[PDB]
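Asker: Quick one: the structure is below, and I'll ask about it shortly.
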Amino acid sequence: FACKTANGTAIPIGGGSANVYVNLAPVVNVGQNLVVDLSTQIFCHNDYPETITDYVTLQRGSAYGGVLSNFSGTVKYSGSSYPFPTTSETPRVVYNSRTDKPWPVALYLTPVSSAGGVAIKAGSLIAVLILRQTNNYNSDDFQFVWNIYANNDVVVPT
Ligand SMILES: CCCCCCCO[C@H]1O[C@H](CO)[C@@H](O)[C@H](O)[C@@H]1O
């Protein structure tokens, strides 16, 4: 089991960490969602689907910088919605193919009432997402840590 980003940055068998740089909607009004769709950014696969089933969770997700200060968060994992920053490990998604499959994570971030102006700064860390991988084969229990950075400012009109 291993993962890679849209630009080809890989985390190999056994886990590790990688940076993900995302473009963000430049203007987000109070009442609207800023959507960070990581399912277009992070892809994983099973290296031995003939014999092994891989299990994958969002073990936890943390918010940083402007997202922590200025937004109210929800994370969607494989179609189900949870608080973000997270309060529990998600159910498992099965990886049973050698063909790359998206990691089905999306953040839905809406401005808090106090938000206004540059609510997320270009280049800032906005989230850390921990992908936890196990299997039905051995005792492997690996973390793939995704550090999410903003490519641009996000402005909340006042
Ligand atoms: C003849 C024995 C072959 C043994 C292949 C084990 C390969 O293990 C890797 O790939 C497995 C399948 O993706 C993962 O479950 C495991 O954690 C690791 O990433």
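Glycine also receives a Cβ, built like all others from the backbone with ideal geometry; neighbour counts cover every protein chain displayed. Every number here is computed from the coordinates shown, using simple stated rules; none is lab data.
Asker: When the range 112-134 is examined, which residues are found to be closer than 30 Å to residue 56 by Cα and either crowded, with 16+ Cβ neighbours inside 10 Å or touching a residue at least 60 places away in the same chain (Cβ under 8 Å) (or both)?
Answerer: Answer for the range 112-134, where residues must be closer than 30 Å to residue 56 by Cα and either crowded, with 16+ Cβ neighbours inside 10 Å or touching a residue at least 60 places away in the same chain (Cβ under 8 Å) (or both): 120, 124, 125, 126, 127, 128, 129, 130, 131, 132, 133, 134.
Asker: Considering every residue within the range 135-143, establish whether at least one is part of a strand (DSSP E or B) and surrounded by 22 or more Cβ atoms within 10 Å (Cβ to Cβ).
Answerer: So far as the range 135-143 goes, no, none of its residues is part of a strand (DSSP E or B) and surrounded by 22 or more Cβ atoms within 10 Å (Cβ to Cβ).
Let's see how each residue does on (1) in contact with a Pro (Cβ under 9 Å, 6 or more places away or on another chain); (2) aromatic (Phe, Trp, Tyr); (3) assigned to a helix (DSSP H, G or I):
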| site | (1), (2), (3) |
| --- | --- |
| 21 | no, yes, no |
| 29 | yes, no, no |
| 32 | yes, no, no |
| 59 | no, no, no |
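Asker: Write out, first by first residue and then by second, each pair whose Cβ atoms fall under 7 Å of each other, whose residues are 6+ apart or on separate chains, and whose first residue, in the range 43-55, is within 15 Å of residue 3 (Cβ to Cβ) while the second is in a loop (DSSP other than H, G, I, E, B) and near the ligand (Cβ under 6 Å from one of its atoms).
Answerer: If the second residue must be in a loop (DSSP other than H, G, I, E, B) and near the ligand (Cβ under 6 Å from one of its atoms), the pairs left are 44/1; 46/1; 46/52; 47/1; 47/13; 54/1; 54/46.
Asker: Looking at (1) aliphatic (A, V, I, L, M); (2) under 24 Å from residue 79 (Cα atoms); (3) within 16 Å of the ligand (Cβ to nearest atom), can you tell me which one residue 22 breaks?
Answerer: Only one criterion is unmet by residue 22, namely (3).
Asker: Which members of the range 36-69 meet the condition of being exposed (fewer than 15 other Cβ atoms within 10 Å of the Cβ) and among the β-branched types (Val, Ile, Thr)?
Answerer: 40, 51
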